[PDB]
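Shown next, in structure tokens, is the structure this report addresses.
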Amino acid sequence: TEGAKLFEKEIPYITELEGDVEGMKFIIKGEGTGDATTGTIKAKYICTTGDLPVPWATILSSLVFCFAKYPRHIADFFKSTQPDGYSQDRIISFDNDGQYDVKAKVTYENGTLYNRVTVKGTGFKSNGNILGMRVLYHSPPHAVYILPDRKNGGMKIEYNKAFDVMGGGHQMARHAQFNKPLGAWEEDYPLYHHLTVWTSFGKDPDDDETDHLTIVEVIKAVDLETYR
């Protein structure tokens, strides 16, 4: 309950990502806002090391479920664990291709929400859509499984992303994720539920210098009784 109060208004949202895909190192810095009242995330991410050496769409999920619109009756792991924060680690397996090993800490610090994340990409194929830069510049809407996992002291998160590729066709990205509190948590495990995500990609028209991504994104918790 205490943690959720921190999100009752729009607050700043900062992302720092350090990536290494097949030895190609990159840094992404994001600046934006998250508004958990409406589930609305807005941000601009800049690759501060130069050009991003993988498609932007494939790195979006690495770059804050704490901003999801939650109803009062579903236990909200992502806010409940604040301000100490939570760990969010995942393996993103790209079908017919390599994987991103992603490790993050998501923490509230003096009024701003931070996502600090490392990405290690291995196993990628030279003829694939990721190294080949053939994943189109958008991220379609998705549904995310949020599963209680008391046995491992946290939440098991499982979902697919279905990207569009040049020439038609798709690139599936299988996300196997685990979340754990970093500090205090009253251990109010949510029931199995979903999140929905919708995203719009853009560019900053005033920025002709950097390789960057702007987003407007909406994330919402879904009570599965609505499926009945």
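Chain labels run A, B, ... following the order of the structure tokens; each chain numbers its residues from 1, and ligands are numbered from 1 in the order shown.
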
Run DSSP on the backbone and give me the residues of stretch 44-160 of chain A it puts in alpha helix (DSSP H), as an MDAnalysis selection string. chainID A and resid 56:59 77:80

I need the residues from that last selection saved to file as a PDB file, in the first residue's frame (with N, CA, C and O atoms), if you can.
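result_2.pdb, written as the output of this step:
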ATOM      1  N   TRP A  56      15.736  -1.168 -32.743  1.00  0.00           N
ATOM      2  CA  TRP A  56      15.098  -0.542 -31.570  1.00  0.00           C
ATOM      3  C   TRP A  56      13.954  -1.391 -31.012  1.00  0.00           C
ATOM      4  O   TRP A  56      13.798  -1.510 -29.784  1.00  0.00           O
ATOM      5  N   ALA A  57      13.150  -1.960 -31.903  1.00  0.00           N
ATOM      6  CA  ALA A  57      11.962  -2.697 -31.445  1.00  0.00           C
ATOM      7  C   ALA A  57      12.376  -3.850 -30.516  1.00  0.00           C
ATOM      8  O   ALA A  57      11.682  -4.144 -29.538  1.00  0.00           O
ATOM      9  N   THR A  58      13.536  -4.472 -30.804  1.00  0.00           N
ATOM     10  CA  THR A  58      13.971  -5.667 -30.042  1.00  0.00           C
ATOM     11  C   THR A  58      14.491  -5.319 -28.634  1.00  0.00           C
ATOM     12  O   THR A  58      14.589  -6.210 -27.766  1.00  0.00           O
ATOM     13  N   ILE A  59      14.831  -4.034 -28.424  1.00  0.00           N
ATOM     14  CA  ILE A  59      15.364  -3.579 -27.138  1.00  0.00           C
ATOM     15  C   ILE A  59      14.323  -2.863 -26.245  1.00  0.00           C
ATOM     16  O   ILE A  59      14.597  -2.593 -25.058  1.00  0.00           O
ATOM     17  N   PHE A  77       2.509  -6.127  -7.322  1.00  0.00           N
ATOM     18  CA  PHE A  77       3.877  -6.470  -6.909  1.00  0.00           C
ATOM     19  C   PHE A  77       4.860  -5.336  -7.208  1.00  0.00           C
ATOM     20  O   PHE A  77       5.778  -5.032  -6.398  1.00  0.00           O
ATOM     21  N   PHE A  78       4.668  -4.715  -8.367  1.00  0.00           N
ATOM     22  CA  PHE A  78       5.650  -3.780  -8.898  1.00  0.00           C
ATOM     23  C   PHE A  78       5.689  -2.475  -8.108  1.00  0.00           C
ATOM     24  O   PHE A  78       6.748  -1.819  -8.026  1.00  0.00           O
ATOM     25  N   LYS A  79       4.558  -2.110  -7.507  1.00  0.00           N
ATOM     26  CA  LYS A  79       4.517  -0.909  -6.657  1.00  0.00           C
ATOM     27  C   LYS A  79       4.756  -1.254  -5.190  1.00  0.00           C
ATOM     28  O   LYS A  79       5.377  -0.474  -4.462  1.00  0.00           O
ATOM     29  N   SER A  80       4.253  -2.425  -4.759  1.00  0.00           N
ATOM     30  CA  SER A  80       4.313  -2.855  -3.344  1.00  0.00           C
ATOM     31  C   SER A  80       5.749  -2.958  -2.872  1.00  0.00           C
ATOM     32  O   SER A  80       6.052  -2.698  -1.699  1.00  0.00           O
TER      33      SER A  80
END

Neighbours of residue A:5 within 12 Å (only C-alpha atoms; same-chain residues fewer than 4 positions away dropped), as a ChimeraX atom specification? /A:1,9-11,36-37,66,72,76,79-83,108,111

Distance of atom CA of residue A:60 from atom CA of residue A:135, expressed in Å to one decimal place: 12.2 Å

What is the distance, in Å and to one decimal place, between atom CA of residue A:227 and atom CA of residue A:148?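 Computed distance, atom CA of residue A:227 to atom CA of residue A:148, equals 19.0 Å.
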
Residues near stretch 92-104 of chain A, anyone? I mean within 12 Å using only C-alpha atoms, not counting same-chain ones fewer than 6 positions away, as a PyMOL selection string. chain A and resi 15-22+54+58-64+85-86+114-132+135+157-163+170-182

As a VMD selection string, please: every residue in stretch 6-181 of chain A that a backbone DSSP assignment puts in strand (DSSP E or B). chain A and resid 11 to 21 24 to 35 40 to 47 69 86 to 94 99 to 109 112 to 122 135 142 to 149 154 to 165 170 to 181

Write out as JSON, numbers by chain the residues lying within 9 Å of residue A:218, counting only C-alpha atoms and excluding same-chain residues fewer than 3 positions away. {"A": [38, 39, 40, 41, 42, 67, 68, 69, 196, 197, 198, 199]}
